[PDB]
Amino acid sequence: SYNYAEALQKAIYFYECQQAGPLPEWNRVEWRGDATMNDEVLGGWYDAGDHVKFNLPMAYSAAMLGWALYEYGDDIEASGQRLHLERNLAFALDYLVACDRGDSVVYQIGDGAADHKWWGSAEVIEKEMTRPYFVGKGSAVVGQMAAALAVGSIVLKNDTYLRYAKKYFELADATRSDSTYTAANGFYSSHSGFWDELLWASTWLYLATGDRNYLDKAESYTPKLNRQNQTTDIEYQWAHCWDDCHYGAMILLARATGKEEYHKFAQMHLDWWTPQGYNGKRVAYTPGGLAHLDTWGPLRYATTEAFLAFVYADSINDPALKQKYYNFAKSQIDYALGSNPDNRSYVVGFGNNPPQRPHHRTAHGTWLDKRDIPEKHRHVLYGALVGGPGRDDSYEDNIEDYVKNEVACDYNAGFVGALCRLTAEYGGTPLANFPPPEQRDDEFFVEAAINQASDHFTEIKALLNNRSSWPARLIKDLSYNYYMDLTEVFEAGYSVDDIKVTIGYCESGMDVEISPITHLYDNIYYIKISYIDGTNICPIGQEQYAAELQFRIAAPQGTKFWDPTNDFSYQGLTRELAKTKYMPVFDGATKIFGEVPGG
């Protein structure tokens, strides 16, 4: 089968890849640093392969993580993953508490259009754009926030989360309107309305407190749910998801009240997902056996359903129904992990032939605001469940396909609960030395070329690069040195002041200084090129990743002695721009790349 413990390990790690700054000390991702530190609310998760904090799918995802712990936290101790899941969840819940603004909440950080227009790493995005925030009291988003904190308070034994959960619930339930929820439009619009979120939140508050007032509230919301088409049944032909949690709330109410109506719903809905269907009606299935709800993120929907199915089956006694729901659930998870017509994992860094080009900016690690360069991802986004194949099982691993190769908090969330269930049952041993170290590239370096050369001068075209990625970062006090040998000038009967330093081109907006020619030792001299605000050299675009200077060092015109062939920093240069080690880069007084004459 699969190593379900390893899959869970990675599936949890994914959330560490998504953390906004400040990072917790326990963050295990070597290519992530503090990012978006000027955000109006710190911490929390970037939503997908972007850098927007969208509170609806964020809170949804945390609620699902808390649900996993609530069902199976004791059952996953063997795998060693319980503590990882717990602290990863607190990280998000802390963000939700931090969004509190009294009569409203911060519900979004980032303008989605502007965020999406740019391709580059989290840690440098503030060099590209200012990130706005948005405040309101939308019942769906605030209700999902309440739900997340309620389940959170239970599994994390935390009074503060419970107090915020109640506050948020009262706010959503007083407001009864999504009219102040605007900034997520077209990305995470409230399609189903807010009645499902009030149901889901009050259900979890009932589970957290035992106060039957919340049970009464919860049940009072079920006649407000959307109907299946034009019938009197509650809608069941869809998945538990970021926009609609009434599905799982009904399952939770089945077990807590034992009432018939909730079991009838549960089995109607779950039946529609199974290959056997509900009275001849069923979700689309690929020939390969994937329950395929929609073009967008079909694995997300099916793996979340596998979780609901495991929980409902674990909660009933009928062996026929248990087997049917268990076999549906395991079949969807196993599809995602490799049991499909291509025998390939749809989880990054897991299993056989996993996706290698997820639509994920920071894991990609470009310097150029381009998706095609670099042609391979510089980092491994371990654990990320991709969108998945089409209705016909077709799929290509292509960074451009944000439909099939998107990754997201909400994709991973229900998938994590399902993997908890499968680990509990089959165990497995998590990877010992995970995550292993990545192969790194040079991050700060000069590329140089002989721009023009004559028998009295050397002209150098120098581009000081910031292509950092481990993590992408900014360095203000950047400089580099050009080392020369003046033996031939002295031997011909000339001196240092016979040699003059000039500039032939200085890139606009890169405030720059060049030192006088300076003695190092013997006949070896150098100039330092210093950028006053080196942070403007950053991997955010075609123009910004490198600063260009053209400088000339010249002997008096007409003369013939100049010999650049013995100059340390001239070594290996051609007419073509290339990386060189012999023009070393410094951060303040510390050399960070290259070599120096002697030492």
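For every residue, the number given is its place in the sequence shown, counted from 1.
* To do: Tell me which of 54 to 62 and 569 to 577 has the higher mean C-alpha B-factor in the deposited entry.
  => Looking at the recorded C-alpha B-factors, 569 to 577 comes out higher on average.
* To do: Return whichever of 517 to 525 and 115 to 123 has the greater mean Cα B factor according to the PDB record.
  => Per the deposited B-factors, the answer is 517 to 525.
* Among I460, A146, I333, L156, which residue carries the highest C-alpha B-factor recorded in the PDB entry? -> Comparing C-alpha B-factors across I460, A146, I333, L156, the maximum falls on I460.
* To do: Compare the CA B factors listed in the entry for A172, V347, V501, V106 and report the winner.
  => Comparing C-alpha B-factors across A172, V347, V501, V106, the top value belongs to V501.
* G558 - which third its CA temperature factor falls in, relative to the rest of the chain -> CA B-factor rank for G558: highest third.
* To do: For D34, return the chain-relative third of its C-alpha B-factor as stated in the PDB record: lowest, middle or highest.
  => As the PDB entry reports it, the C-alpha B-factor of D34 lands in the middle third of its chain.
* Ranked C-alpha temperature factor of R361 among modelled chain residues, by third -> CA B-factor rank for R361: lowest third.
* To do: Could you look up the Cα B-factor of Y301 in the entry and say which third of the chain it sits in: lowest, middle or highest?
  => CA B-factor rank for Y301: lowest third.
* To do: Would you check the entry's CA temperature factor for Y46 and let me know if it's in the chain's lowest, middle or highest third?
  => Lowest third - that is where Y46 ends up once the chain's C-alpha B-factors are sorted.
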